[PDB]
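Trainee: Attaching a single structure in structure tokens format; questions to follow.
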Ligand SMILES: [Cl-]
Ligand SMILES: [Cl-]
């Protein structure tokens, strides 16, 4: 038998009518009656005095109603009880892009971590496209990326614009311009290393937008898998690359970082959250970004609160 | 006739009586009435209602008044302009891109002409790359553009960030969001008409960039010759199109413009001058823009 068999019987007994029971179940009278019939023909006992109005129970049905109500109610309790032991431990899932690993994100996470010793924190290297998908889908709670998001269900805050830099070998003509800087236009015809080869749109997309925003489109490009390969290939003299300033966490012999003069040769750092987000766990993260930044001397991101 | 007659005629219609107009000019009304009489016979047409004392003008008389306030207003401009001329004749050459003709540019230029009555201004339509190599060579002295410029021989300053908008046929579903606007995301699958088809970079580049900033690369795209075509075709039920806000200068039956909600769905406007530029004419140009920008409630920059 079914619980549906029971809920139907119970609705008929209480209402003492087949109509007030089918309407309160939002079903038709025929299927309702047929199911209780199927219940009776399965038990071998008649529960209802059918034909006598208002509908009432057989003595056997009168006992069955009492056990049925309890059993339905114990199903209700089971479900509830089962839901009480489940899902105690709070988890915050944070998505981020690999390039952000060389900046402040780690120390930010560590601090937030000290602030919440009872919180499970899961970290996932993901791109902005996946982050947006994972956010809307609940899979993550806060994303960090370099590429703006086109999606109304999501909200981006710009945390800080970060300066682009030209990684060059030490013998390169441009290295003579290390102190002062070069312009994007000075790079236009060099072999340029773009990275990562990871799913678009990634940092290579951004670099190209920067050149395109400045009327430029370099033909000598060569996409490479990762940032260390970029730098590594540069320090072997394959060519130049464009990297965030924070990437200067990586120093390789004869690898020389060189500023850009173009006021808009910048890569922004965003935090993305679901549009209607309000967890104190995210604001606490946000506050932690504000705390670290001031500590470091960057301008603070604006008020959540 | 003489200016006397027009001035004399102006006061009688401004101040509605013969004696009250005579008070304004501090002269006798016996000859004043003769002068206005002397005007109508020369024309061979009456200008005022014969005997009516409210007072009021005739069909042809009223038209003449407005013509007169315009002429008299220009004789003052003749007087005022002639005192502040310049030195026999300089030429300032200005480069701009076509899309700027729909915004505040021509009104800036028009008011600029007024500051320098004797100045020969020379307008040249050209894209950014061409404005660069033209400023470096002296062939222009300012360049109004929509593209960023890796300098360094060139100083550019951001004047304003014009909103982008989506041109759509009024039947299009997006047109529901006419007073609420949309996001680029909604355009991902749309038929998008990019303009123009000149040498790149140009506005199409920019739009392809704007989409790129946001992690979007549309596939259903056509590049068309220019803005009118793009709009024309949008009306012709051919697709959608991304325009600067000022394109709404062009209005077509069943065309409607949807605003974009994305914060960076924008088209910047830059003046570009030679790095070491301190000419008074250019400084003057800067201030006209600030003058105009102020008038329209927009932001002034430290130029
Ligand atoms: Cl960082
Ligand atoms: Cl404008």
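Technique stated in the header: X-ray crystallography, 3.0 Å.
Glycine is no exception: its Cβ is also placed from the backbone N, Cα and C atoms.
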Trainee: Same benzoate 2 site as B:104, B:144, B:202, B:293 according to Swiss-Prot: which of B:120, B:160, B:163, B:274?
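Mentor: Record source Swiss-Prot; matching candidate: B:160.
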Trainee: Given that Swiss-Prot assigns B:128, B:203 to the cis,cis-muconate site, pick the one from B:99, B:150, B:197, B:212 that the record assigns to that site as well.
Mentor: B:99
Trainee: Which one is closest to residue B:203 (cis,cis-muconate binding site) in space, judged by CA to CA distance, out of the binding-site residues B:99, B:104, B:293?
Mentor: B:99
Trainee: Reduced to three states, what secondary structure does DSSP give residue B:99 (benzoate 1 binding site)?
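Mentor: It is helical.
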Trainee: I'd like the number of other C-beta atoms within 10 A of the C-beta of residue B:128 (cis,cis-muconate binding site), please.
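Mentor: For residue B:128 (cis,cis-muconate binding site), the count of other Cβ atoms within 10 Å is 23.
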Trainee: Just how many other Cβ atoms lie inside 10 Å of the Cβ on residue B:203 (cis,cis-muconate binding site)?
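Mentor: Neighbour count, Cβ to Cβ under the 10 Å cut-off: 25.
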Trainee: Can you name the binding-site residues among B:99, B:104, B:128, B:160, B:293 whose Cβ is less than 8 Å from some Cβ in chain A?
Mentor: B:128
Trainee: Report the residues of the chain - excluding B:99, B:128, B:203 - with C-beta within 8 Å of the mean position of the site's C-beta atoms, for the recorded cis,cis-muconate site, in sequence order.
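Mentor: Apart from B:99, B:128, B:203, the close residues are B:97, B:98, B:100, B:127, B:145, B:146, B:147, B:201, B:202, B:206.
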Trainee: Between residue B:99 (benzoate 1 binding site) and residue B:128 (cis,cis-muconate binding site), how far is it from one CA atom to the other, in Å?
Mentor: 12
Trainee: Under 6 Å from ligand 2 by C-beta, which of these binding-site residues make it: B:99, B:104, B:128, B:202, B:203? Sequence order, please.
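Mentor: B:104, in sequence order.
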